[PDB]
Every structure is written in C-alpha cells, then in structure tokens.
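*Asks:* This structure is in structure tokens; I'll ask about it shortly.
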Amino acid sequence: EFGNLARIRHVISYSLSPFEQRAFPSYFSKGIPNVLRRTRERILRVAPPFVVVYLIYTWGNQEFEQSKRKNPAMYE
Amino acid sequence: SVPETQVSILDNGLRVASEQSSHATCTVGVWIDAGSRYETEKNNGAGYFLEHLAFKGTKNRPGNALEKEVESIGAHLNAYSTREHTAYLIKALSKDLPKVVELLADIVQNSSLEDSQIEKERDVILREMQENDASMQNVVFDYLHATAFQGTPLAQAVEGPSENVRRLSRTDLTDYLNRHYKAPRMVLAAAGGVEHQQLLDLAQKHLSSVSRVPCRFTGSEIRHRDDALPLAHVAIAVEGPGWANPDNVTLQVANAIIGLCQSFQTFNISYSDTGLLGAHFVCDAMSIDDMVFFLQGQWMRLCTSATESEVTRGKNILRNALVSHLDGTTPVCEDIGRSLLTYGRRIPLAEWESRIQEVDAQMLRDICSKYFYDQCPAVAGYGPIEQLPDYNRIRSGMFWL
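So the sequence lines, in the order shown, correspond to chains Ag and Aa.
Residues in the first sequence are numbered consecutively from 4, following the entry's author numbering.
Under the entry's author numbering, read the second sequence as residues 44 to 256, 267 to 312, 337 to 478, first letter to last.
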C-alpha cells in the first residue's frame, strides 16, 4: 500500500489546488497542436495496414462480382 | 494591576516605548519593520546578511572592541529576523541603561560593513544554509510558505537562496540599510527596571539621527520526497486573517483546543493582513495518512460541533499562555516592539482578557467555519511522504458530507 511502494530521493513535487486553476487551460490552444503532434508520431505505424485492408476488401468485392459475372462464352 | 506600556514619539518617528518594572535588569531592543517581505528577489538575503554584519564593528567602535564593551558590563546581545520584522535587543542591568542605548544606536546607524567581514560572513551564511537543510521543520515551513504564497514576496525565505548570498555587495547592503531602516518604521522598546523619561532623553540624545524617509494565498502543495530520512514532517495550513483582525484571538482559542503523530503543533503565523493557520506534525511514513485524517476531523469537528467546556479549556489555556507579563523581560519587550510595529499600540492584558472572555462556542465555530471549512490548504511535506495523500483527498477532508 501507500508508504511502502517505492524509494525516491530529492524529488520535489509542486502542485496547485483545483479551484485555483482554470478548467481547460489553453485547451484548444495547445490541445490541437498536441493531438496533431501525436497523430504524426503514430500514423505511419497505424494506418497502412488498414489501408491495405480497404484495398483487399474492395478487391474481394469486385473480384467476387466479376466471378459472378456470366462468361460471355457461357451457353453459346 | 499590570503597569501600562507608555509610548512616546520623537520627531524622527522612532516610537520610544517602555514598560517599567522592579526587576533590575532590562531588555532594551530596536525593532524595525523590515524583513524578507520588503525584498525584491535581487536582495533576498540582505536583511539576514546585515544581521550577521551588525555586530562586527561600527565606525565609532571598530571591530571586536564593540563587543568587548558588551562583555564589559556582562550584557547579552541578540538579534533576529523574520519575514516582516527585524530585532536587535540587549539584556543588561538597569544602571548600564545609557551605554546600552548608545550601543544600540551604533547598531542601527553608523554601522560599518567591512569588506573583509563580508566574505567571512558569506562563508558563515553559505555554510549554515548548506547545513540548514538539516533542520526539517524549517525546511517544511519554508516549503509551506513558498507553495502558499507563490509569486509573492512572502514565498521567499529570510535567508534567501545561496545564489544571492554569494552575490551580495556592500552597496547593496548599504541600500537595504539605508532604505529599510527609516526612523518612522522603528520602535525603541524597553522592559524591566527602566524609567521612561530617562529612556526618552537617551533616545533624544542618540538615535535622534535616524533618517526620516498585498499577498495572495495560493492553495497548493510542495512535497520533497526523500525516502532515506527516518521521519516525515508535514505542515497543512489555510489563510490567516492578519494582525489587526480580532478573531485571531478566537482562532488562538481554537488552537488551544487542538494543542497520533509523534509531534503535533498548531500555529497561527500572522503577517500584515495575511497569515498561515494550521498544523505541523512529524511522523513515520506508515502513519501519515491516518494522522492527516485525524487532524482534519478535529478541525472539521470544531467547525461542525464544539461544546462549551472545551471552549472554556481553550480560553483558560490561552489565558495562561498569553500571559507574558513578567514572564521574562526579553519576552516582555519583544511584545512591546511587535505591538508598536504591528498594532501601532501596546494592547494591555486586560483588553486581551476581555477579548478572551467574549469568546463563546457559537462564535468559535462560526469563525472556524469562516477560516477552515471548505478552504483550499497549502501542504508541505518532507521525508518518506508517499502515503501522504494528494490534494484531492486533503481537499475532500476539508469538509464533511
């Protein structure tokens, strides 16, 4: 429990009371930049698998349709 | 039947106050309305370093010959500095009353700051600070002042940061000396076997040369976690009323009610229309949270439910403690100097007794609800303070559902 969790030394920690600080300081001021900062650092790891899922899904659909398409030579 | 404190004023504005008594030894002091609150972060240790330099010789009495004089009559020489006041006081015999006053005159004006001494006192001050960190409760109360008065001149310590200490020069000191040592901001206080007319004549003879010319409580917390220390010191405070607000007396009675941690002390530190009212406790890590819970309950209790008898206890307790008359000369005068600097007058003990006896339980819980209930505290912890609760738990403990 608390008190026996870990041993740190000389780490001072300042803080403020909730009612003494604005609720969403610079929210959209820096929030947007940060969210955008974040998306950059992760978009190349996340997005291209889902991009090729979209290509495979479309491909499958279209291929399936063509498959269902009647052979011109069929029954002729 | 306590003798009244008689106050006179010179042209300079130096109020010469004295309270005669039978005791044949006296405590003559000079108080000055100058502390770390009047410093502007470029001279943050000027009062402390001048307090070190003030006994190392003057122009008329060069060097240790000065202190040879205060050895010659067997007198004792003391000085202290707070965030708002500076005091230079001498305990001596009655018959040595003139020369002592003359000595005090040199200490406030005509003082000499030797460059040689400046380096020696810098090493003294630097080293002491380098070892001052040892005193935890001083570290915790400095942390409490810093986090409670963030961005104001009341956050900065009396000693100042080592930085300034190293970076200080005679001229700077000279400034602080020539700026914050004005005659209207000075009280010559005497207690014990002194005559007021003789002391007034001595103040007219010497010391007649002294030249004549808000704060915001940031409720927050500072925690210095260092797990190698054996014990933890935690101080929790709220904003105090100030010197001139009479409900201080009622708050003192509340402190007398409180009086689980190895050491539990309540404080009501007052500055000019501000202050810190709270509790400091020093405890083992594995008890800290329980202490806090205990402490908050008491406070809340007083604000919520307080009986008549305990109030009487506090009234009486405060009474005896407030009793300072003939407690000691040093105390007596200290009270004269602080009373003339803060209230502008010496409040007699009969007025204190009247303000104590008008306090009942209803106005005590009203004033405690005004100052303790649903208030944002300042928290300062030092030591193994991991189990010390964070700000939401303390803030939620500042009220009851």
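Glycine included, C-beta positions come from ideal geometry on N, C-alpha and C.
What first and last residue would you give for the beta strand (DSSP E) that runs through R276 of chain Aa?
*Replies:* Note, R276 of chain Aa: beta strand (DSSP E), 273 to 278.
*Asks:* Going by beta carbon distance, what residues of the same chain come within less than 7 Å of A67 of chain Aa, once the five residues before and after it are set aside?
*Replies:* Excluding positions up to five away in sequence, the list reads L136, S137, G236.
*Asks:* Could you tell me how far apart the beta carbons of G34 of chain Ag and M363 of chain Aa are, in whole angstroms, since I believe they sit closer than 8 Å?
*Replies:* 41 Å between Cβ atoms; not a contact.
*Asks:* Give the straight-line distance between the Cα atoms of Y91 of chain Aa and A77 of chain Aa, rounded to the nearest whole angstrom.
*Replies:* So the two alpha carbons sit approximately 11 Å from each other.
*Asks:* Ordered along the chain, which non-local residues of its own chain (more than five positions away) have a Cβ less than 7 Å from that of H95 of chain Aa?
*Replies:* These residues qualify, in order along the chain: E164, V167, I168.
*Asks:* Would a check of beta-carbon distances place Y17 of chain Ag closer than 8 Å to chain Aa?
*Replies:* Yes, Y17 of chain Ag counts as interfacial toward chain Aa.
*Asks:* Kindly identify the DSSP beta-bridge partner or partners of residue 322 of chain Aa.
*Replies:* Shown without residue 322 of chain Aa, the model has chain Aa running from 312 straight on to 337.
*Asks:* What does the Cβ neighbour count give for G203 of chain Aa, buried or exposed, with the cut at 16 atoms within 10 Å?
*Replies:* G203 of chain Aa should be labelled buried.
*Asks:* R25 of chain Ag touches chain C at which residues, Cβ-Cβ below 8 Å?
*Replies:* Although the question refers to chain C, the structure presented lacks it and instead comprises the protein chains Ag and Aa.
*Asks:* Let me confirm a value: residue 325 of chain Aa is counted as buried when at least 16 other C-beta atoms fall within 10 Å, else exposed. Which label applies?
*Replies:* Coordinates for residue 325 of chain Aa are lacking, as chain Aa steps from 312 to 337 with nothing built in between.
*Asks:* Assuming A234 of chain Aa contacts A455 of chain Aa (C-beta within less than 8 Å), just tell me the rounded distance between them.
*Replies:* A234 of chain Aa to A455 of chain Aa, Cβ: 35 Å. No contact.
*Asks:* Return the residues of the stretch 357 to 379 of chain Aa that lie within a Cβ-Cβ distance of less than 8 Å from chain Ag, sorted by chain order.
*Replies:* Going along the stretch 357 to 379 of chain Aa in chain order, one finds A362, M363, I365, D366 with a Cβ nearer than 8 Å to chain Ag.
*Asks:* What would DSSP say about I150 of chain Aa, mapped onto helix, strand or coil?
*Replies:* Reduced to three states, the DSSP call for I150 of chain Aa is helix.
*Asks:* Using a Cβ-Cβ cutoff of less than 6 Å, which residues in the same chain neighbour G63 of chain Ag once the five nearest sequence positions on both sides are dropped?
*Replies:* Hits under 6 Å: none found.
*Asks:* From Aa:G374, Aa:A148, Aa:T214, pick the residue whose C-alpha is nearest to that of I75 of chain Aa; which is it?
*Replies:* Considering only alpha carbons, the answer is Aa:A148.
*Asks:* Can the beta-carbon of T70 of chain Aa be found closer than 8 Å to that of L132 of chain Aa?
*Replies:* Taking 8 Å as the Cβ cut-off, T70 of chain Aa and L132 of chain Aa qualify as a contacting pair.
*Asks:* Give me the DSSP bridge partner(s) of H402 of chain Aa.
*Replies:* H402 of chain Aa is not bridged to any residue.
*Asks:* Where in the stretch 362 to 433 of chain Aa do unbroken runs of the alpha helix (DSSP H), each at least 4 residues long, occur, reported from the N-terminal end onward?
*Replies:* DSSP runs (the alpha helix (DSSP H)) wholly in the stretch 362 to 433 of chain Aa: 365 to 381, 385 to 399, 406 to 419.
*Asks:* Does the CB of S273 of chain Aa have a neighbour CB from chain Ag at under 8 Å?
*Replies:* Yes, contact with chain Ag.
*Asks:* Can you pull the chain Ag residues whose beta carbon is under 7 Å from the beta carbon of residue 565 of chain Aa, in chain order?
*Replies:* The shown model of chain Aa, from 44 to 478, leaves out residue 565 of chain Aa, and the question about it has no answer.
*Asks:* What residue range does the beta strand (DSSP E) around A288 of chain Aa cover?
*Replies:* 285 to 292 is the span of the beta strand (DSSP E), which, as asked, contains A288 of chain Aa.
*Asks:* According to DSSP, is residue 497 of chain Aa part of a helix, a strand, or is it coil?
*Replies:* Outside the displayed span of chain Aa (44 to 478) sits residue 497 of chain Aa, for which this structure offers no information.
*Asks:* Taking DSSP as the reference, what is the three-state secondary structure of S254 of chain Aa?
*Replies:* DSSP places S254 of chain Aa in coil when its eight states are reduced to three.
*Asks:* So, is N74 of chain Ag buried or exposed, given that buried needs 16 or more other C-beta atoms within 10 angstroms?
*Replies:* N74 of chain Ag is exposed by the Cβ-count criterion.
*Asks:* Would you please verify whether the beta carbon of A50 of chain Ag is less than 8 Å from any beta carbon of chain Aa?
*Replies:* Cβ-Cβ to chain Aa under 8 Å: no for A50 of chain Ag.
*Asks:* What is the DSSP secondary structure of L216 of chain Aa, reduced to helix, strand or coil?
*Replies:* DSSP places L216 of chain Aa in helix when its eight states are reduced to three.
*Asks:* Roughly how many whole angstroms lie between the Cα atoms of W296 of chain Aa and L426 of chain Aa?
*Replies:* In a straight line, the C-alpha of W296 of chain Aa is about 16 Å away from that of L426 of chain Aa.
*Asks:* Check whether the stretch 46 to 60 of chain Aa touches the stretch 410 to 418 of chain Aa, taking contact to mean three or more Cβ pairs, one atom from each stretch, closer than 8 Å.
*Replies:* The stretch 46 to 60 of chain Aa vs the stretch 410 to 418 of chain Aa: in contact.
*Asks:* Pair every Cβ in the stretch 267 to 281 of chain Aa with every Cβ in the stretch 13 to 24 of chain Ag, then say whether three or more of these pairs are closer than 8 Å.
*Replies:* With the cut-off at 8 Å, the stretch 267 to 281 of chain Aa and the stretch 13 to 24 of chain Ag touch.
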